[PDB]
Every structure is written in C-alpha cells, then in structure tokens.
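Notes to accompany the following structure.
Virtual Cβ from ideal backbone geometry, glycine too; neighbours counted across all protein chains shown. Bear in mind these aren't lab numbers, they're just calculated from the coordinates by the rules spelled out.
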Amino acid sequence: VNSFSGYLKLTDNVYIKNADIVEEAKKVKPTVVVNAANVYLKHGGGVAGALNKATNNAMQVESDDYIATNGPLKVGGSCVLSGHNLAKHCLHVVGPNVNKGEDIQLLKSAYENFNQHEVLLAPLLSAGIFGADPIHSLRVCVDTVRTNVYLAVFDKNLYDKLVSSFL
Ligand SMILES: NC(=O)c1cccnc1
C-alpha cells in the first residue's frame, strides 16, 4: 500500500490523475518525483519551471553545480538529485523536445530511466511544452515502464481525453 490518492488505474503498474505534480509532491512527499528536464537542467517553464519555483530556486542552484561538474545530460538520459521540499529525490529525465527537432524514438529511452525506481510520481514525458502528442507519451509509458508510476496530468481537458482514448 502507498499514499497516492484519487488515481485511476490504467494497468497493473500505471496510474493517472488530473493534478499539478508540484502540489501532488507537496502532499505525498514521494520517494521520487520526476522532472521534465532539458539537457542543461535549465528549469525555466512547465513541469521544470513549476517544480523549481516550488523549491525557491534551490533545484536550479543544485542543478547548476551538477552541470558545472558533469556537463549536460543526454536526450533520453537522467540524473538523480535532491527532491528538496517536494520529495526525497528528483529524477531529472530528458525527453525529446519536438520544438527542437529531437528524435521521438528517444521517448522510450527516456521512460526506461523510470525502471530504476520502484515507485515514482511523474509527468508525461515530452508532453506539455516539449511538443509531443501526450496520447503517444502515455502509450510509450505503459509499454516501457514496469515499475509503479503515478502520472499527474496538469490539464483537466487533456486528462479526460487521455482516459477516454486509452486502449
Ligand atoms: N504549475 C505549472 O505551471 C505546471 C505546468 C505543467 C505541469 N504542472 C504544473
């Protein structure tokens, strides 16, 4: 049993809810919250800007030190950093950004990072401001992630379309 409440069950391991991942994080304090990161860990807007704002910019400060030491992530890659006030850990995952012309086939590689964690609170990768089709992102999630994932969909209209269209 875990603390996640009000989710619709899509599969054995994937759950979904219309909610802001920042607010969900503040309530649950999950072991892992996933950030919709870019390779530079520049948390300017969407899931990343909102998560970073909720940490009072401490996520950005930590991220800048990570990049100064390690250099940029790969598209499809990830790193584990602090969850600050939101979670124990933040898994920063880089889905492909369609608005930069990145290979959508990298979305499966992105979701494979989730399999290193038994339970996660996450957004739909490459969805939101990353430009991918969220229906596609949910399908890749279900077909890739084997660990237990609690998806927070910020947009109510989109949430209802993801559920209604789910095969
Ligand atoms: N609060 C926000 O702006 C936001 C954007 C995308 C997802 N969740 C939250």
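Pairs of Cα atoms under 8 Å, at least six residues apart: use those to get the relative contact order of the chain, whole percent. RCO, the chain: 29 percent. 3J(HN,Hα) along segment 91-100: 8, 7, 10, 9, x, x, 9, 4, 5, 10 Hz, from the Karplus curve 6.51 cos²θ - 1.76 cosθ + 1.60 with θ = phi - 60°, whole Hz, x for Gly and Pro.
Which pairs break 18 Å Cα to Cα here: 9/161; 29/156; 108/161; 42/74?
29/156; 108/161
When only DSSP loop residues count, what trypsin sites (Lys or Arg not before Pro) in segment 85-140 have their Cβ near at most 15 other Cβ atoms within 10 Å? Counting only loop positions with at most 15 other Cβ atoms within 10 Å, the trypsin sites (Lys or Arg not before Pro) in segment 85-140 are 88.
Taking the chain as a Gaussian network of alpha-carbon nodes connected by springs under 10 Å, the highest mean-square fluctuation of the residues 94, 28, 153 belongs to 28. If the segment from residue 148 to residue 58 were pulled out straight at 0.36 nm per residue, it would be longer than the present Cα-Cα gap by 29.7 nm.
Quick one: order 121, 151 by neighbouring beta-carbon count within 10 Å, fewest to most. Can you show the working numbers first?
Details: 121 26, 151 29.
The order, fewest Cβ neighbours first, is 121, 151.
Shape class of segment 1-126 from the alpha-carbon gyration tensor: oblate, with a/c at 1.5 or above and b/c at least as large as a/b.
Based on the alpha carbons, how large is the Rg to Rh ratio for segment 87-154 when Rh follows Kirkwood? That ratio equals 0.93. Take every Cα pair under 8 Å whose residues are at least 6 apart in sequence, average their separation, divide by the length of segment 72-150, and the relative contact order is 27 percent.
Work out the FRET efficiency for residue 103 and residue 163 from their Cβ-Cβ distance, taking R0 = 22 Å, and round it to the nearest 0.05.
Details: r = 28 Å, r/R0 = 1.28.
For residue 103 and residue 163, the calculated efficiency is 0.20.
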